[PDB]
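Heads up: the structure comes next, in structure tokens.
Chain naming here is simple, since letters A, B, ... match the order of the sequence lines and numbering starts at 1 in each.
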Amino acid sequence: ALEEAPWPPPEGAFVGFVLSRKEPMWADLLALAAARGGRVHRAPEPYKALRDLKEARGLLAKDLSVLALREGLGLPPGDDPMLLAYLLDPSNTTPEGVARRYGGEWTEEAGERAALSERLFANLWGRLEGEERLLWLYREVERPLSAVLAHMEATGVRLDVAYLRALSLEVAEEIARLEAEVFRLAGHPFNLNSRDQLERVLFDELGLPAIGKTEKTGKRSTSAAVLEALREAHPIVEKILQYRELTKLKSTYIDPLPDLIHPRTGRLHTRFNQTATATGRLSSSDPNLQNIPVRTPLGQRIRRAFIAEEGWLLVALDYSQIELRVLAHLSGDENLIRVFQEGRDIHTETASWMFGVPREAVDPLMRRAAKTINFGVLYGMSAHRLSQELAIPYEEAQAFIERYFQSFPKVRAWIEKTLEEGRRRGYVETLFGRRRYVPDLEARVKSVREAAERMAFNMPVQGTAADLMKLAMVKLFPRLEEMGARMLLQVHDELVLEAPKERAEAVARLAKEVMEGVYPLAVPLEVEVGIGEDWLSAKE
DNA sequence: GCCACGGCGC
DNA sequence: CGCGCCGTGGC
Ligand SMILES: [Cl-]
Ligand SMILES: [Mg+2]
């Protein structure tokens with residue numbers, strides 16, 4: 001019947017809002033409305049109307065809370081049916097999609113969004129009845145985490161603009177060097193960024209052997225996997241690979257970052273999304289912190305650009321081998337649990353079991369083999385891939401994988417048990433009961449079935465790691481406020497804080513303690529911590 | 001501007 | 001070895 005009533009709404013109303021753009025830190029609030037009992041109240045002047053609300057309840061509540069924080073309003077996010085939908089099925093990642101699946105329509109009008117939010121919340125809440133683990137995640141993780149994320153996004157991080165100018169110049173000079181040499185080898189200029197023009201140069205003009213097709217166009221692929229095979233076939237190949245590496249880094253993590261510095265705050269406001277991934281891991285965007293290269297000289301150079309405010313320090317905390325520890329816990333493998341209890345270098349210790357030698361006798365290459373499998377086993381890394389990674393024969397790679405499962409037989413069992421669970425129930429679950437649906441486990445084509453199988457036993461591990469971190473963020477947040485410290489970034493199994501230099505050390509001790517004790521496992525949780533004026537220094 | 005796409009990073 | 005990111009090329 002569409003009851004309209006004057007602004008302001010009664011307490012408990014769901015909010016609907018329209019932004020000029022999707023990024024709340026950069027957007028104008030174009031419209032605000034609230035709904036309760038289906039009765040809609042539309043705000044005459046949105047910004048003024050914000051201070052009437054006591055919390056943001058509704059779709060994308062966190063995003064409205066971010067914009068409110070920018071304006072200096074304390075408007076914490078509360079109930080949001082996105083969070084409910086994501087717990088019901090993590091393929092539910094957007095309002096549009098949630099509405100299309102469960103009822104109603106995501107439109108561009110505030111009042112309609114508010115009414116929809118209220119409807120969907122009631123709907124999805126009923127759908128969750130009796131799902132006590134998922135409801136626990138909602139109350140103890142998702143809802144309170146949304147408030148942490150709002151604060152992190154609104155706070156942002158300071159960038160070293162002088163450093164970024166210098167890094168940009170350095171990389172530009174090396175890129176120019178490389179493309180000069182490519183054009184020399186090629187005999188003319190062409191657009192290096194064009195895979196079409198590159199294909200013609202490599203395979204038509206230079207006559208190099210093609211290998212793989214492109215996914216859809218059917219052309220001769222110029223991908224890294226193809227070039228890798230040809231590194232010796234022609235010196236231009238190596239140069240192109242270096243060019244692509246640097247250009248990706250510059251175009252993604254050097255050129256965009258200064259443009260992302262907000263004119264009002266002077267800081268970068270990375271956006272955090274808690275309903276975006278299949279596993280329950282948080283995601284970041286503008287920039288995506290997850291895709292900054294790891295363990296290359298280049299990745300390091302990017303993190304150096306992230307700095308503390310003057311008189312402050314960054315505190316970086318990292319859960320050491322958390323996914324393997326989780327695998328130990330879920331599988332119950334006594335030998336792997338022993339690896340973590342006899343706690344020296346974990347990969348050396350894994351190698352000593354694998355190869356049946358004392359830890360003293362493990363050489364660095366043996367350790368690398370163990371390290372590589374400790375991560376590959378989590379997603380069913382093939383012998384073929386391991387063979388490329390370690391540069392060993394295929395048969396030897398096979399033997400290494402078998403050694404691993406021979407020493408850790410309950411890991412082998414756990415993988416198979418998890419697949420049985422997925423095939424029986426149609427879903428798999430984390431330690432805390434976060435759930436992922438895995439329909440293709442019973443597929444016709446083996447190609448898709450194997451991808452489904454990897455997804456199936458990988459998610460419980462990644463998802464458990466994800467929720468340990470999120471639970472730690474929730475526990476840690478209010479205690480940081482006590483100290484005048486703040487939470488800035490989260491990526492992988494790492495958390496970055498900012499604190500006054502006088503309190504950095506105490507903040508580090510406190511954060512370490514809370515993270516390591518967030519939940520008891522069969523093995524200890526270990527947190528590496530460092531302090532520095534920049535993120536790279538603080539990783540040290 | 002829109003899009004699908006190859007390519008690359010985790 | 002799903003998803004966010006880049007620039008390209010068609011519209
Ligand atoms: Cl937008
Ligand atoms: Mg051009």
Contact class for [X] vs. all strands (heavy atom < 4.0 Å): base, sugar-phosphate, or nothing?
X: A:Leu249; answer: nothing
X: A:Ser284; answer: nothing
X: A:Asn458; answer: nothing
X: A:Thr247; answer: nothing
X: A:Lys216; answer: sugar-phosphate

Pair A:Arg70 + A:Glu153: basic N to acidic O under 4.0 Å: no

Salt bridge check, A:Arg220 against A:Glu199: does any charged N sit closer than 4.0 Å to a carboxylate O? yes

Of the listed C:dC5, C:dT8, C:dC6, the closest approach to the A:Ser285 side chain comes from C:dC5

Please pick, from C:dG2, C:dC6, C:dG4, the nucleotide with the shortest atom-to-atom distance to any side-chain atom of A:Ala451. C:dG2

Using the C1'-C2'-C3'-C4' torsion, which pucker class fits B:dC3: north or south? north

What pucker does C:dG10 show by its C1'-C2'-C3'-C4' sign, north or south? south

Think [X] has a side-chain N or O under 4.0 angstrom from the OP1 or OP2 of [N]?
X: A:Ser283; N: C:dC3; value: no
X: A:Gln462; N: C:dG2; value: no
X: A:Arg195; N: C:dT8; value: no
X: A:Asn191; N: C:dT8; value: yes

Can you tell me how far P of C:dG2 sits from CG of A:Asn273, to the nearest Å? 19 Å

Rounding to an integer number of Å, can you tell me how far A:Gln290 CD sits from C:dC3 P? 14 Å

Start and end of the DNA chain B segment that chain A contacts, any atom under 4.0 Å from a heavy atom: B:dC5 to B:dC10

Between the side chains of [X] and [Y], is a donor N or O closer than 3.5 angstrom to an acceptor N or O?
X: A:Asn374; Y: A:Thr350; result: yes
X: A:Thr222; Y: A:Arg200; result: no
X: A:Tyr102; Y: A:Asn92; result: yes
X: A:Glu526; Y: A:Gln321; result: no

Check the surroundings of atom NZ in A:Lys213: do more than 12 heavy atoms from other residues, nucleotides or ligands lie under 6.0 Å from it? no

